Peer 1: 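Pasting a structure here, questions to come.
To find a chain, count down the sequence lines: A is the first, B the second, and so on, and within it residues start at 1.
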Amino acid sequence: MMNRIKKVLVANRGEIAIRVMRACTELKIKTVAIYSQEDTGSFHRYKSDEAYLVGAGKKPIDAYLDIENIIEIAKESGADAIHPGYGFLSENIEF
Amino acid sequence: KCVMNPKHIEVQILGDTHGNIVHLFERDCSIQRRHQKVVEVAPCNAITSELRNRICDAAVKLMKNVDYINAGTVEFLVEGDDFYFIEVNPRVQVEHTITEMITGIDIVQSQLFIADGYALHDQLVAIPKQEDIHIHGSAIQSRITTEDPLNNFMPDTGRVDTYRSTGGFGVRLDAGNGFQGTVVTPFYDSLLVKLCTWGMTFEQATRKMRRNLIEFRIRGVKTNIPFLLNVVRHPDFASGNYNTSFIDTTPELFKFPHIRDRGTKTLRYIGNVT
Amino acid sequence: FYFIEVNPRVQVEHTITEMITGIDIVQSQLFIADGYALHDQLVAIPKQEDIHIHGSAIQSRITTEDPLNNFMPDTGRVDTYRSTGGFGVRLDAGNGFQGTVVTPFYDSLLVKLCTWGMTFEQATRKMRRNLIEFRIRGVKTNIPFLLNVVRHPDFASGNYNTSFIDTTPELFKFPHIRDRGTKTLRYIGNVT
């Protein structure tokens with residue numbers, strides 16, 4: 001159904017993360033959540049096919065602004081695309 | 001120049017990598033508390049089609065001019081029959097939900113298709129030509145948070161021991177950290193669930209928002225529901241004539257009924273004797 | 001086409017009609033019974049010519065009927081009940097809430113799940129996702145069967161008839177569950 005997006009890393013948390021994951025699943029796209037230490041129990045993490053801790057060691061907001069670690073996770077998981085939702089890195093040129 | 005008593009009105013855009021650009025009409029985000037959005041409504045029922053179409057066409061023009069790709073929003077201020085650009089959010093927004101509800105178009109699915117190289121009007125993507133994109137009814141979104149209105153809107157924290165939501169016709173729910181057993185932390189937004197209601201008219205959608213807000217049971221933390229209810233029941237809201245200053249200049253909205261917590265007190269008694 | 005029956009009442013599946021026309025049928029029943037006319041401004045039902053189809057909607061009733069046991073309704077405490085949402089999703093709860101006790105005396109219905117899309121295909125993608133996203137523990141449900149129906153290409157096509165289910169035995173083959181969670185808990189339970 002898709003062309004080259006077989007898997008998507010959702011680089012966010014909370015409500016919008018879940019929103020993106022649902023859309024992905026409806027399109028037969030596999031999903032990867034990320035979550036900070038402090039969001040270990042957040043329910044967005046339960047809605048993805050896969051999930052990874054992001055930003056170990058960083059303060060809580062910084063954890064979802066960790067560009068390098070997010071990319072590592074995308075690469076290591078074989079994600080074709082990253083949806084940044086809103087806030088966090090969604091408007092970040094560097095990212 | 002600090003415009004007097006404006007309506008904050010936003011237009012939704014989608015562009016593909018093949019030069020197609022399309023708007024999904026507008027949203028009224030005038031209802032704000034100290035400049036942060038509280039309740040959002042679509043379409044804006046207090047403007048003429050004529051003016052709606054000038055604003056949308058302007059948004060499309062700006063985004064065609066830059067060859068904008070994927071989802072984006074163009075924000076304006078509206079004073080009488082005049083409108084002024086203020087901002088572009090080059091991203092999906094919290095309040096995309098209501099636009100989906102009044103047009104039929106799945107915005108987040110549309111972002112994925114677009115990023116995979118499809119065209120808006122590919123059969124799989126199914127977005128109609130501009131002329132065939134219509135408004136169906138009216139939708140309102142309320143964000144339910146743990147911001148306690150009785151404590152300066154400071155977000156409450158802790159375990160959500162009871163979380164029960166609602167449903168039925170015209171109700172949409174998009175969960176955040178609202179589920180029974182979750183632990184709200186102080187580090188991120190408080191958002192528990194976005195509640196959206198739809199009707200063939202704004203009035204019909206308003207009745208539903210009222211019911212649904214009342215029907216929610218959330219125990220273990222405080223929420224902003226008492227405040228949303230005040231907003232949604234206020235006759236200025238029902239009228240459709242409010243603007244940026246509505247909340248800040250309507251102090252009735254900050255008077256709250258006394259909680260009935262007969263249940264909780266009864267349990268303390270039973271607990272104590274037991 | 002041939003008449004067979006009138007149901008002089010609201011029906012289970014009114015939900016999908018509300019979704020594709022915009023008209024709240026149950027509110028309409030109340031207005032009518034109070035003496036209003038269909039087209040009173042408050043009742044807001046349009047003239048026949050102005051009543052249109054908007055998209056397509058599907059309803060699935062989620063029950064405790066166990067497909068692996070002859071569709072006998074299961075009973076007991078629903079220890080986990082977690083539903084779904086997002087765009088195009090409607091839920092009308094019956095006795096589905098976390099902590100409820102399903103009894104054998106009445107219908108098994110836990111929740112009616114409905115999805116909508118501008119096309120049937122769009123609505124179908126949503127029904128699939130939502131059915132899978134549901135978590136219900138403590139009783140068996142008919143979700144495995146609904147998924148089979150909803151994934152079957154005859155369903156996706158829109159060409160099925162009264163005999164579809166009864167003559168499609170693939171619909172009654174179910175994946176074996178990997179209940180890795182549950183097993184892991186038994187181990188942890190046992191050592192503890």
Side-chain angles (χ1 to χ4, degrees), chain A residues 1-3 6 22-30 49, chain B residues 104 106 109 112-113 118 122-126, chain C residues 1-5 7 11-21 53-73 83-84 86-92 107-134 136 140-178:
Chain A
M1 173 167 160
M2 300 302 281
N3 222 94
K6 286 178 250 75
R22 283 168 165 173
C24 287
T25 300
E26 287 153 10
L27 303 187
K28 303 248 187 67
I29 295 171
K30 314 264 75 171
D49 304 294
Chain B
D106 187 323
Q109 285 191 186
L112 293 161
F113 281 136
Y118 289 93
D122 275 320
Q123 180 257 48
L124 182 76
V125 184
Chain C
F1 67 92
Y2 314 109
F3 174 99
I4 57 171
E5 207 173 25
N7 311 112
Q11 292 172 292
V12 194
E13 64 266 34
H14 72 282
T15 42
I16 54 177
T17 300
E18 301 182 319
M19 291 196 274
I20 66 164
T21 63
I53 295 178
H54 318 261
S56 165
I58 306 162
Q59 166 170 283
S60 291
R61 284 172 255 182
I62 294 171
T63 72
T64 67
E65 297 168 300
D66 189 350
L68 297 178
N69 182 28
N70 232 301
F71 292 83
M72 203 181 293
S83 64
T84 52
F87 181 44
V89 176
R90 165 181 182 166
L91 297 174
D92 288 49
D107 70 23
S108 16
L109 185 63
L110 282 158
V111 63
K112 301 188 227 154
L113 168 60
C114 298
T115 58
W116 178 95
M118 277 193 304
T119 57
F120 173 68
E121 294 70 37
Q122 285 188 45
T124 296
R125 317 199 275 258
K126 297 210 213 286
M127 180 58 69
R128 203 192 75 252
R129 152 184 69 92
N130 280 94
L131 282 170
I132 293 171
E133 180 171 343
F134 256 91
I136 294 182
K140 297 275 154 162
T141 79
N142 65 330
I143 287 166
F145 182 57
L146 298 163
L147 270 170
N148 281 348
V149 170
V150 151
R151 288 164 163 156
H152 198 290
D154 291 356
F155 179 83
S157 81
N159 283 303
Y160 42 84
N161 58 57
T162 296
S163 52
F164 172 53
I165 281 190
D166 317 79
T167 71
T168 309
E170 315 90 278
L171 298 174
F172 305 76
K173 299 294 89 160
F174 302 104
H176 193 255
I177 318 154
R178 246 193 275 140

Peer 1: Closest approach of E18(C) and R90(C), non-hydrogen atoms and distance?
Peer 2: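 The answer is OE1-NH1, 2.6 Å.
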Peer 1: Looking only at heavy atoms, what is the nearest atom pair of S108(C) and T63(C), with distance?
Peer 2: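 Shortest heavy-atom contact: OG-CB, 3.8 Å.
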Peer 1: Just verifying a value: how many Å separate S56(C) OG and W116(C) CH2, rounded to the nearest 0.5 Å?
Peer 2: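 If I round to the nearest 0.5 Å, the distance is 9.5 Å.
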Peer 1: Could you pull out all residues at least two apart from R125(C) that satisfy side chain to side chain donor-acceptor pair (under 3.5 Å)?
Peer 2: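 So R125(C) forms no side chain to side chain donor-acceptor pair (under 3.5 Å) with any residue.
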Peer 1: Identify the heavy atoms of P67(C) and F145(C) that sit nearest to each other, and give their distance.
Peer 2: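 Reported closest heavy-atom pair: CG-CB, 4.0 Å.
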Peer 1: The criterion is side chain to side chain donor-acceptor pair (under 3.5 Å); which residues satisfy it with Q122(C), sequence neighbours excluded?
Peer 2: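 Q122(C): no side chain to side chain donor-acceptor pair (under 3.5 Å) contacts found.
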Peer 1: How long is the span from the CG atom in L112(B) to the CE atom in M2(A), to the nearest 0.5 Å?
Peer 2: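 If we round to the nearest 0.5 Å, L112(B):CG and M2(A):CE are 5.5 Å apart.
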Peer 1: According to salt bridge (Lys or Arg N to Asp or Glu O under 4.0 Å), who are the partners of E133(C), at least two apart in sequence or on a separate chain?
Peer 2: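 Testing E133(C) for salt bridge (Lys or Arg N to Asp or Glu O under 4.0 Å), a comparison that skips the adjacent residues, returns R22(A), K47(A), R129(C).
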Peer 1: Side chains of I58(C) and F155(C), heavy atoms from C-beta outward: is any pair under 4.5 Å?
Peer 2: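 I58(C) reaches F155(C) side chain to side chain.
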Peer 1: With rounding to the nearest 0.5 angstrom, report the SG to NZ distance, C24(A) to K6(A).
Peer 2: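 Here the interatomic distance stands at 13.5 Å.
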Peer 1: Could you state the interatomic distance from OG1 (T141(C)) to CD (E65(C)), rounded to the nearest 0.5 Å?
Peer 2: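 CD of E65(C) is found 10.0 Å from OG1 of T141(C).
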Peer 1: Working to the nearest 0.5 angstrom, can you tell me the gap between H14(C) NE2 and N7(C) CG?
Peer 2: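 The NE2 atom of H14(C) sits 14.0 Å away from the CG atom of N7(C).
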Peer 1: Which heavy-atom pair separates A156(C) from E121(C) by the least distance, and what is that distance?
Peer 2: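 Shortest heavy-atom separation between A156(C) and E121(C) comes out as O-OE2, 4.4 Å.
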Peer 1: Set out, in order, the CA-CA distance, both residues' side-chain angles and the distance that settles side chain to side chain contact (heavy atoms under 4.5 Å, CB included) for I62(C) and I136(C), then state yes or no.
Peer 2: CA-CA 10 Å; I62(C) 294 171; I136(C) 294 182; 4.2 Å; yes
Peer 1: Taking side chain to side chain donor-acceptor pair (under 3.5 Å) as the test, write out the residues that go with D154(C), two or more places apart.
Peer 2: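 Not a single residue meets the side chain to side chain donor-acceptor pair (under 3.5 Å) criterion with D154(C).
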Peer 1: From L131(C) CG over to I143(C) CD1, what is the distance, rounded to the nearest 0.5 angstrom?
Peer 2: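 That separation rounds to 6.0 Å.
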Peer 1: Residues two or more places apart in sequence or in another chain: which of them pass side chain to side chain donor-acceptor pair (under 3.5 Å) with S163(C)?
Peer 2: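 Expected list: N161(C).
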Peer 1: Would you say that more than 12 heavy atoms from the other residues, nucleotides or ligands in this model lie under 6.0 Å from the CD of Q123(B), or not?
Peer 2: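 Atom CD in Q123(B) is not crowded, with 12 or fewer foreign heavy atoms closer than 6.0 Å.
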Peer 1: Closest heavy-atom contact between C114(C) and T15(C)?
Peer 2: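 Minimum heavy-atom contact is SG-OG1, 3.5 Å.
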Peer 1: Mind running side chain to side chain contact (heavy atoms under 4.5 Å, CB included) on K28(A) and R128(C) for me, showing each step along the way?
Peer 2: CA-CA 10 Å; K28(A) 303 248 187 67; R128(C) 203 192 75 252; 4.0 Å; yes
Peer 1: Look at the side chain of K126(C) and the backbone N and O of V89(C), then say whether any donor-acceptor pair between them is shorter than 3.5 Å.
Peer 2: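 No, the answer is negative, given that no donor and acceptor are paired below the 3.5 Å cut-off.
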Peer 1: Determine, stepwise, if the pair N69(C) / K140(C) fulfils side chain to side chain contact (heavy atoms under 4.5 Å, CB included).
Peer 2: CA-CA 10 Å; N69(C) 182 28; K140(C) 297 275 154 162; over 6 Å; no
Peer 1: Do side-chain atoms of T115(C) reach the backbone of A123(C) as a donor and acceptor pair under 3.5 angstrom?
Peer 2: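 Indeed, once roles are kept as given, a pair shorter than 3.5 Å links the two residues.
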Peer 1: Pairs under 3.5 angstrom only: tabulate donor-acceptor contacts from the side chains of residues 169-178 of chain C to other protein residues two or more places apart or in another chain.
Peer 2:
{"from": "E170(C)", "atom 1": "OE2", "to": "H152(C)", "atom 2": "NE2", "distance (Å)": "3.1"}

Peer 1: Where do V111(C) and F134(C) come nearest, in terms of heavy atoms and distance?
Peer 2: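 So the minimum-distance heavy-atom pair works out to CG1-CZ, 3.7 Å.
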Peer 1: Is there a side chain to side chain contact (heavy atoms under 4.5 Å, CB included) between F113(B) and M1(A) once you walk through the steps?
Peer 2: CA-CA 10 Å; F113(B) 281 136; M1(A) 173 167 160; 3.6 Å; yes
